[PDB]
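Beneath this line is the structure, given in structure tokens, with notes to follow.
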Amino acid sequence: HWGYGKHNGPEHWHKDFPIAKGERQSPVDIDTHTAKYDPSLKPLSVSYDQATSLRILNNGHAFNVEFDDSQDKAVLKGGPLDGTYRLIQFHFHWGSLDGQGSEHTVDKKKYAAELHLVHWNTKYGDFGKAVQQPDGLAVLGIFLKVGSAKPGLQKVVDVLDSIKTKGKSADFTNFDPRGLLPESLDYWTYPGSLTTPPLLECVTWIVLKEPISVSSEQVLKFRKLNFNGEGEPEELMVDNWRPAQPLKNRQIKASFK
Ligand SMILES: O=C(O)Cc1cccc([N+](=O)[O-])c1
Ligand code: NI
Ligand code: NI
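Residues 18 to 274 in this note's numbering are what the sequence shown spells out, letter by letter.
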């Protein structure tokens with residue numbers, strides 16, 4: 018019974034999942050001065066025109082916006098990737114305060130939140146099989162800073178009161194994830210892992226350099242969510258970020274100079 022507390026948080030996970038101390042764990046600090054610009058990198062193709070959102074779920078550690086991944090409707094290709102990656106869900110990680118919440122850091126800077134768009138490699142046929150492979154997933158990571166409102170986020174924010182507690186879901190159709198992307202697709206990339214148990218080392222991370230801006234009011238609404246189930250004592254869903262892990266023998270590549 019893992020979580021983010023003193024007694025069951027990141028620092029304990031290794032007892033259940035020894036891979037926590039592995040060679041390609043995420044997140045990491047992105048040292049912008051040491052990331053090397055890579056000309057091998059093919060351009061990033063995000064093709065979200067046909068995306069079909071289905072549902073939003075409070076899974077007890079975050080909320081997930083789920084997509085129909087039964088066809089190539091919302092796909093990521095190019096960049097560091099070989100082949101086609103289908104969108105399955107997005108989620109966020111966030112803090113109790115505006116000064117923390119992101120998982121990746123940039124020259125040690127923590128953002129207020131981080132958006133993760135999770136995609137699986139179609140050559141493996143389904144998500145469950147893909148997470149067993151070193152190239153199974155591609156996660157597009159976007160930092161959130163507090164400032165102006167993000168209009169394309171509001172639809173997510175307003176349904177959160179209907180999924181307050183663990184296990185609640187709501188229909189969430191017709192949501193366009195393009196409205197959560199910054200202007201530029203410049204990125205850093207490196208090989209890593211999921212950042213919750215089971216911590217599988219199956220992710221090619223693609224972290225965008227340009228943050229999106231959300232309002233204070235928008236982030237506040239994330240912090241009203243609950244880790245607990247209905248009828249259990251209230252524990253606010255905040256600080257659901259794993260801290261930076263050792264880079265070990267990895268290189269972070271930049272798509273830009
Ligand atoms: O890395 C995370 O935010 C945790 C996580 C946990 C389980 C599945 C996930 N996913 O990528 O569908 C992500
Ligand atoms: Ni458990
Ligand atoms: Ni994540």
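Here a beta-carbon is modelled for each residue, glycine too, at the ideal position from N, C-alpha and C.
_On a Cα-Cα basis, can you pick out the residue from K183, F34, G248 that is closest to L211?_
For the purposes of this step, residue 211 is identified with residue 194 of the sequence shown, where counting begins at 1. By alpha-carbon distance to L211, the top candidate from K183, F34, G248 is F34.
*Among all the DSSP beta bridges, which residues are the ones paired with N81?*
Translated into the one-based positions of the sequence shown, residue 81 becomes position 64. According to DSSP, residue pairing for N81 in a beta bridge involves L74.
*Under a criterion of Cβ closer than 6 Å to any non-hydrogen atom of ligand 2, which residues qualify, in chain order?*
Listed by chain position, these are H18, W19.
_Which same chain residues end up closer than 6 Å to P215 when comparing Cβ atoms and leaving out the 5 residues on each side of it in sequence?_
Reading the sequence shown from its first residue, position 198 is the one you call residue 215. Within the same chain, and ignoring the five residues on either side of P215 in sequence, the residues whose Cβ sits closer than 6 Å to its Cβ are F34.
_For review: beta carbons within less than 5 Å of any heavy atom in ligand 1_ = A Cβ closer than 5 Å to some heavy atom of ligand 1 marks a residue here, and those residues are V135, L211, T212, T213.
*On the DSSP bridge assignment, give the partners of residue 276 in chain order.*
No answer is possible for residue 276: the residues shown for the chain start at 18 and end at 274.
*Below 6 Å CB to CB, which residues in the same chain sit around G169 once its five sequence neighbours on both sides are set aside?*
Taking the sequence shown and counting its residues from 1, one reaches residue 169 at position 152. Excluding five sequence positions before and after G169, the CB atoms of its chain that fall closer than 6 Å to its own CB belong to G196, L197, given in chain order.
*The alpha helix (DSSP H) with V174 in it runs from where to where?*
As a working note, residue 174 is residue 157 in the sequence shown. For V174, the enclosing alpha helix (DSSP H) starts and ends at 171-176.
*Please name the residue, chosen from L98, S165, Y128, that lies closest to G153 on a Cα-to-Cα basis.*
Residue mapping note: residue 153 aligns to position 136 of the sequence shown, counting from 1. Nearest of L98, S165, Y128 to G153, Cα basis: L98.
_For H18 and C219, the rounded distance between their alpha carbons_ = Mapped onto the sequence shown, residue 219 falls at position 202. Mapped onto the sequence shown, residue 18 falls at position 1. Spanning the alpha carbons of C219 and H18 requires a straight line of approximately 23 Å.
_If I follow the unbroken beta strand (DSSP E) through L93, where does it start and stop?_
Working through the sequence shown from its first residue, we reach residue 93 at position 76. It spans 92-95 - the beta strand (DSSP E) in which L93 sits, taken as one unbroken run.
*Assign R195 to one of three DSSP states: helix, strand, or coil.*
The residue you call residue 195 lines up with position 178 of the sequence shown. Assignment of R195 by DSSP, reduced to helix, strand and coil, places it in the helix class.
_Is any non-hydrogen atom of ligand 3 found closer than 6 Å to the C-beta of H31, if you look at the structure I gave you?_
By 1-based counting over the sequence shown, the position of residue 31 is 14. Outside the cutoff, so no.
_Measuring straight from C-alpha to C-alpha, what distance separates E40 and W30?_
Position 23 of the sequence shown, counted from the start, is the residue given in the question as residue 40. Position 13 of the sequence shown, counted from the start, is the residue given in the question as residue 30. Each residue's CA atom was taken as its position, placing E40 and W30 some 15 Å apart.
_In this structure, how does DSSP classify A68 when only helix, strand and coil are distinguished?_
One-based indexing of the sequence shown puts residue 68 at position 51. The answer is coil: DSSP assigns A68 none of H, G, I, E or B.
*If you pair each beta-carbon of the segment 225-232 with each one of the segment 81-90, do three or more pairs fall below 8 Å?*
Judged by Cβ distances under 8 Å, the segment 225-232 makes no contact with the segment 81-90, as fewer than three pairs qualify.
*Between the beta-carbon of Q67 and the beta-carbon of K94, is there less than 7 Å?*
Within the sequence shown, the letter at position 50 stands for residue 67. Within the sequence shown, the letter at position 77 stands for residue 94. For the pair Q67 and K94, the CB atoms are not nearer than the 7 Å cut-off.
*Beta-carbon contacts of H78 that lie in its chain and below 8 Å, excluding the five residues immediately before and after*: Sequence index remark: in the sequence shown, residue 78 carries index 61 (1-based). Once the five neighbours on either side are set aside, the close Cβ partners of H78 are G20, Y21, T213, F244, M254, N257.
*When the Cα atoms are used, what is the spatial distance from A271 to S119?*
Position 254 of the sequence shown, counted from the first residue, corresponds to residue 271. Position 102 of the sequence shown, counted from the first residue, corresponds to residue 119. Rounded to the nearest whole angstrom, the C-alpha separation of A271 and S119 is 19 Å.
*Apart from the five residues just before and just after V135, which ones in its own chain have a Cβ nearer than 6 Å to its Cβ?*
In the sequence shown, the residue the question calls residue 135 occupies position 118. Cβ neighbours of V135 beyond the five flanking positions: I105, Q106, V156.
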